[PDB]
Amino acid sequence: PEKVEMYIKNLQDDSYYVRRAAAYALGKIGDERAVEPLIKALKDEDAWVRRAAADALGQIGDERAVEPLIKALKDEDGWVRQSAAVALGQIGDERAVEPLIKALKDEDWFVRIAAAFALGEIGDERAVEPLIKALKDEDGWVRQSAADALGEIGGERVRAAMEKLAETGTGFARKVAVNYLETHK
């Protein structure tokens, strides 16, 4: 906690590693003063810095990072987008829901996982139908995370969809739905 301004100041250092390490440290410390300088490091030249900055903003958890993080979901770098999604998941703000639904169709499997995870944490039923679609994703971990997110959301929209999948679905989606029906009253 004593080193918060030293690390804020290191977000301007010429060395990418010093900037990255500063963002990482500021996420762990959790002091709110770091929020605006981290928002700025979401446009850093170096992708590792942008990743660490998103990560740190999620850890601090201040809603002021929501709109900048939503933008960072369009970053050229896959791991930045992944970090932004996890961070929006951690903050829990419903404004991320539609942008994260889009990121469920991201070309990188690791981004789609993070998008599903985050939708599950936010808990908003608009995500239900897009998560049912992700049950057919070519990546196994994506499918799985969409199933977990469906369970976390819950409620009557999830129940009704799981009845239909248990009835006519195939493959993984079927197994998900049947587990659902066995494990709820």
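Numbers for residues come from their place in the sequence shown, where the first is 1.
- Two stretches are in play, 34 to 42 and 130 to 138, and the higher mean C-alpha B-factor belongs to 130 to 138.
- Just going by the entry, 57 to 65 versus 153 to 161 on mean CA temperature factor gives the higher value to 153 to 161.
- When the CA B factors of the chain's modelled residues are split into thirds, the value for residue 6 lands in the middle one.
- In this PDB entry, residue 174 carries a Cα temperature factor that places it within the highest third of its chain's modelled residues.
- In this PDB entry, the Cα temperature factor of residue 89 sits in the middle third of its chain's modelled residues.
- Annotation for residue 72: C-alpha temperature factor in the lowest third relative to the rest of the modelled chain, per the entry.
- When the modelled residues of the chain are ordered by C-alpha B-factor, residue 105 sits in the highest third.
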